[PDB]
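Input: a single structure, listed below in structure tokens.
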Amino acid sequence: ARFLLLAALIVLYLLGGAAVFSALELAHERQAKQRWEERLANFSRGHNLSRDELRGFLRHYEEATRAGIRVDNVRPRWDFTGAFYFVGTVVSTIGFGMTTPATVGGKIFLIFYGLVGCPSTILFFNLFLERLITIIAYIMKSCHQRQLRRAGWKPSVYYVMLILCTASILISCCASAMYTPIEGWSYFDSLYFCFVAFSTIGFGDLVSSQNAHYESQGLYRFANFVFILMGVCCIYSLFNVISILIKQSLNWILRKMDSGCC
Amino acid sequence: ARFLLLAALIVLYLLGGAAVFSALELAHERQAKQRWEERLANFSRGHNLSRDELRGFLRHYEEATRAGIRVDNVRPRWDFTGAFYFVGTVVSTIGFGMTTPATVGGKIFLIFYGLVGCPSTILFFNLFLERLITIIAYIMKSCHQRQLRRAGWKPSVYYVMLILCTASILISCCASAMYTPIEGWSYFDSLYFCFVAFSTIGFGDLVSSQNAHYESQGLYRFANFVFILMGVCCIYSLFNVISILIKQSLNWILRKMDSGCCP
Ligand SMILES: [K+]
Ligand SMILES: [K+]
Numbered sequence: 018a019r020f021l022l023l024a025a026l027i028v029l030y031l032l033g034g035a036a037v038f039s040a041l042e043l044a045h046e047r048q049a050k051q052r053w054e055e056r057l058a059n060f061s062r063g064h065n066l067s068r069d070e071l072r073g074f075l076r077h078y079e080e081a082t083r084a085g086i087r088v089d090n091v092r093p094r095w096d097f098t099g100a101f102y103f104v105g106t107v108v109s110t111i112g113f114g115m116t117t118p119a120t121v122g123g124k125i126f127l128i129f130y131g132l133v134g135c136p137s138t139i140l141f142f143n144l145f146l147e148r149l150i151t152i153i154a155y156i157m158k159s160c161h162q163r164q165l166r167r188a189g190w191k192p193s194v195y196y197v198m199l200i201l202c203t204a205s206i207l208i209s210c211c212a213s214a215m216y217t218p219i220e221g222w223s224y225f226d227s228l229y230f231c232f233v234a235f236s237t238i239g240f241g242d243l244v245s246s247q248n249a250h251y252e253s254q255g256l257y258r259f260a261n262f263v264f265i266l267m268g269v270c271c272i273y274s275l276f277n278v279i280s281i282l283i284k285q286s287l288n289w290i291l292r293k294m295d296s297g298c299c
Numbered sequence: 018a019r020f021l022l023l024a025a026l027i028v029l030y031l032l033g034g035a036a037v038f039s040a041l042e043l044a045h046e047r048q049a050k051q052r053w054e055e056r057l058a059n060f061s062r063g064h065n066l067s068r069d070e071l072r073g074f075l076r077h078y079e080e081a082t083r084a085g086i087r088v089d090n091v092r093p094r095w096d097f098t099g100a101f102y103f104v105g106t107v108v109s110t111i112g113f114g115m116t117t118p119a120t121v122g123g124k125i126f127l128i129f130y131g132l133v134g135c136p137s138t139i140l141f142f143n144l145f146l147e148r149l150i151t152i153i154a155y156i157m158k159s160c161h162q163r164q165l166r167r188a189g190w191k192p193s194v195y196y197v198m199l200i201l202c203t204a205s206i207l208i209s210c211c212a213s214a215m216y217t218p219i220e221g222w223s224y225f226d227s228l229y230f231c232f233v234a235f236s237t238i239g240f241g242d243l244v245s246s247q248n249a250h251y252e253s254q255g256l257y258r259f260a261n262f263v264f265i266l267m268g269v270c271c272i273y274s275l276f277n278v279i280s281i282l283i284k285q286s287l288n289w290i291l292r293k294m295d296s297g298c299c300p
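Top to bottom, those sequences are chains A and B. Take the first sequence: its letters are residues 18 to 167, 188 to 299, numbered as in the entry's author numbering. Take the second sequence: its letters are residues 18 to 167, 188 to 300, numbered as in the entry's author numbering.
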């Protein structure tokens, strides 16, 4: 059993999550598909355009979007800045999917590039964790010394966790307040995008600065880069910290189960 | 300086990688854009269809594809099996992007779901690392005992790394040999997809089983699930192992630099 057989609860947990996900908005999905098909009929009707023509045109439009032609006026998907953003997505393992290589040489170069750089950035996130723990312990010593005269301390996993999620939500509010007037999203939409990007998931449904023109383009790009870096660092730190916290809790509950149900 | 100022080489390294990426196929991108615009002109011409109509139609077709209408006949993006695949993408932090929530309730539920489940799977990958190390040390003891009579051993990071990338490439060949006759990709394309999915990146340009119909649908789905799980586990293990290996090497080179260049 041990920590190891937690996969039973894991599989049950994806099962339950999938169930509740399905029940909560299958209605939305049916409505979307129905209304999409309805305008398909409408658009074919009002333009006298056959179904095979739409078949081919939409298929190969999807091909070209895979080549990176986001329908609104966007940046060149890939340049010095474009390849910089692409690689920054790659090494951090976000995988937004807005920029993907097309040539087999680019593909195999990406294979080597990921293999030799993604662990480097994961370890750099680990180094950021080490810095944050050390510096926060130092400032805790400083605050204690101040209130007395006015690893080291090794702050507990609980308090480290609490202040870590506090920093996470705070930087989420700052990032949202900087994105919303620019991207034009909503506050909850920007929060969701921040969580997706910082948690390494990178769905790509909502993506950061991609338009061709932005006010103070260089400054905005630098701010977006530093915000994404800090957010992903803090969220990865929180992920590891609550990982060890929940494994402590799981060991505790398994010990209780073994002692009671002997 | 320490391990900490490695960010200088890191930024230089993304800079150089971006440069070589750009130089190596900006030609391909220009050609793609030019030929795409050219058929745009052609298609508007041969159907007498204005530019604003295409503007709206393509914009909101992208909206509906964001709702999940992959143009080829695909599975219902999201069902018991669909939400299962969606969540399996979520918890493993792959983020393929083929399935995304649309309602704000679904969004906030995904916030809690990720926050409370993604670290669980990262720690489960850590547990898989611990199992693999322990079991491989046990089999190394077994092989040593066999050849003598016919942490424990704690295999070194170098040999663990070597056999770990060996297992990675092997499972890559098996996954590619099982995907290529089904998905219809190429061998190098399937290798690239396997690396993308196993390395947590999950671009979504090439995605696993999504068509509505597959031969032996249940068996194929189970095989895809177990293959993806094993591949991502092995690749994450390799990532951590070479992370510690390159930090050893970086400490070594920094010590050399500090000893030689002593200011
Ligand atoms: K990821
Ligand atoms: K990802």
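Note that the Cβ used here is the ideal one computed from N, Cα and C, for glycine as well.
Indicate whether the contact test is met: 3 or more Cβ pairs, each with one atom in the region 251 to 263 of chain B and one in the region 272 to 286 of chain A, closer than 8 Å.
Contact between the region 251 to 263 of chain B and the region 272 to 286 of chain A is absent, with fewer than three C-beta pairs closer than 8 Å.
Three-way DSSP call (helix, strand, coil) for A:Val88 in this model
For A:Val88, the secondary structure class from DSSP, reduced to helix, strand or coil, is coil.
Rounded to the nearest angstrom, what separates A:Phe129 and A:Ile86 at their Cα positions?
Computed Cα separation, rounded: 26 Å.
Helix, strand or coil: which one does DSSP assign to B:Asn65?
Note: B:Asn65 maps to coil in three-state DSSP.
Residue nearest to A:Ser253 in terms of C-alpha spacing, selected from A:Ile219, A:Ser280, A:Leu228, A:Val244:
Nearest of A:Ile219, A:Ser280, A:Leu228, A:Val244 to A:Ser253, Cα basis: A:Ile219.
Looking at chain A, which residues of the region 87 to 101 of chain B have a Cβ within less than 9 Å of any of its Cβ atoms?
Listed by position along the chain: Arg87, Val88, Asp89, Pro93, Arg94, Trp95, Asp96, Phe97, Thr98, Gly99, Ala100, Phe101.
Specify whether the region 86 to 96 of chain B and the region 74 to 92 of chain A touch according to this definition: at least 3 beta carbon pairs, one from each stretch, less than 8 Å apart.
Output reads yes: the region 74 to 92 of chain A touches the region 86 to 96 of chain B.
So with CB distances below 8 Å, who are the chain B contacts of A:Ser280?
Near A:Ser280 (Cβ distances below 8 Å), the residues of chain B are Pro136, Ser137, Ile139, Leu140, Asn143.
Once you ignore the five residues that flank A:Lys284 on each side, which residues in its own chain have a CB closer than 7 Å to its CB?
Non-local C-beta neighbours of A:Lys284 in its own chain, meaning closer than 7 Å and more than five positions away in sequence, comprise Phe20, ordered along the chain.
Would you check whether ligand 2 has a heavy atom nearer than 8 Å to the C-beta of A:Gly239?
A:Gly239 Cβ: within cutoff of ligand 2.
Please determine whether the Cβ atom of A:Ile125 lies at a distance below 8 Å from any heavy atom of ligand 2.
Relative to the non-hydrogen atoms of ligand 2, the Cβ of A:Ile125 never comes closer than 8 Å to any of them.
Can you find a heavy atom of ligand 2 that lies under 8 Å from the Cβ of A:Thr138?
Exclusion of A:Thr138 from the 8 Å shell around ligand 2 follows from its C-beta lying no nearer than that to any non-hydrogen atom of the ligand.
Rounded distance between the beta-carbons of A:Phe74 and B:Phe101, thought under 8 Å
The C-beta distance from B:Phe101 to A:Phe74 rounds to 33 Å, too long to meet the 8 Å contact threshold.
Just to make sure I have the definition right: I need the residues of chain B whose C-beta is within less than 7 Å of the C-beta of A:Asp242. Which are they?
Listed along chain B, the residues sitting closer than 7 Å to A:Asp242 by beta-carbon distance are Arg83, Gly114, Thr117.
Please state whether the Cβ-Cβ distance between B:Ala204 and B:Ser227 is less than 9 Å.
Annotated as distal: B:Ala204 and B:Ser227, with beta-carbon spacing of 9 Å or more.
Classification of A:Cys231 by the beta-carbon crowding that lies within 10 angstroms, buried from 16 upward:
Buried, since its Cβ has 16 or more Cβ neighbours within 10 Å.
Beta carbon proximity, B:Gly131 to chain A, threshold 9 Å:
With its beta carbon less than 9 Å from one in chain A, B:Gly131 belongs to the interface.
In chain B, what lies closer than 9 Å to A:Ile283 by C-beta?
Within 9 Å Cβ-Cβ: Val133, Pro136, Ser137, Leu140.
Should the region 238 to 247 of chain B be regarded as contacting the region 134 to 154 of chain B, the criterion being three or more beta carbon pairs within less than 8 Å?
No: fewer than three Cβ pairs fall under 8 Å.
Return the CA-CA distance between B:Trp190 and B:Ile281, expressed in angstroms with no decimal places.
Rounded to whole angstroms, the separation of the alpha carbons of B:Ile281 and B:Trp190 is 19 Å.
Here's a check: name, in chain order, each residue in its chain whose Cβ is nearer than 7 Å to the Cβ of B:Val194, leaving out the five neighbours to either side.
Cβ within range, chain order: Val278, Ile281, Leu282.
Which residues in chain B sit within 8 Å of A:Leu21, going by Cβ to Cβ distance?
Those within 8 Å of A:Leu21 in chain B are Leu144, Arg148.
Can you find a CB in chain A that lies within less than 9 Å of the CB of B:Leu31?
By this cut-off, B:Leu31 is an interface position.
Residues of chain A with CB closer than 9 Å to the CB of B:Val121, please, in chain order.
Chain-ordered, the chain A residues with CB closer than 9 Å to the CB of B:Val121 read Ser223, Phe225, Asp226, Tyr229.
Among the candidates B:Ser39, B:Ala119, B:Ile111, whose CA atom is the shortest distance from the CA of B:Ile139?
Closest by alpha carbon: B:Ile111.
Using beta-carbon positions only, say whether A:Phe97 and B:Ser39 come within less than 9 Å of one another.
Contact flag set, yes.
What do you reckon, are the CB atoms on A:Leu23 and B:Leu57 nearer than 9 Å?
Contact flag unset, no.
Determine the direct distance from the alpha carbon of B:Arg292 to that of B:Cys298, and round the result to whole angstroms.
Taken atom to atom, the span from the alpha-carbon of B:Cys298 to that of B:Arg292 is near 10 Å.
Anything in chain A within Cβ reach of residue 168 of chain B, meaning under 7 Å, just list it in chain order.
There are no coordinates for residue 168 of chain B in this structure, because the numbering of chain B runs from 167 directly to 188.
Is it buried or exposed, A:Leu201, if we count other Cβ atoms within 10 angstroms and call 16 or more buried?
Buried, by the Cβ-count rule.
Among A:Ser159, A:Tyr251, A:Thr106, which has the Cα closest to the Cα of A:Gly221?
Comparing C-alpha distances from A:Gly221 to each of A:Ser159, A:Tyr251, A:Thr106 shows the shortest one belongs to A:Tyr251.
How far does the alpha helix (DSSP H) with B:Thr151 in it extend, from its first residue to its last?
Start and end: 121 to 166.
Quick one: which unbroken alpha helix (DSSP H) runs of 4-plus residues sit fully inside the region 224 to 297 of chain A? Chain order, please.
Secondary structure within the region 224 to 297 of chain A: the alpha helix (DSSP H) runs of 4 or more consecutive residues, fully enclosed, are 224 to 235, 254 to 297 (chain order).
Taking 8 Å as the cut-off, is the C-beta of B:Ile128 nearer than that to any heavy atom in ligand 2?
When distances are taken from the beta-carbon of B:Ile128 to the heavy atoms of ligand 2, even the shortest one reaches 8 Å or more.
Excluding the 5 residues flanking B:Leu243 on each side, which residues of the same chain have their C-beta closer than 6 Å to its C-beta?
Contacts found: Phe230.
Around the C-beta of B:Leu199, are 16 or more other C-beta atoms found within 10 angstroms, so that it is buried, or is it exposed?
Answer is exposed; the Cβ neighbour count stays below 16.
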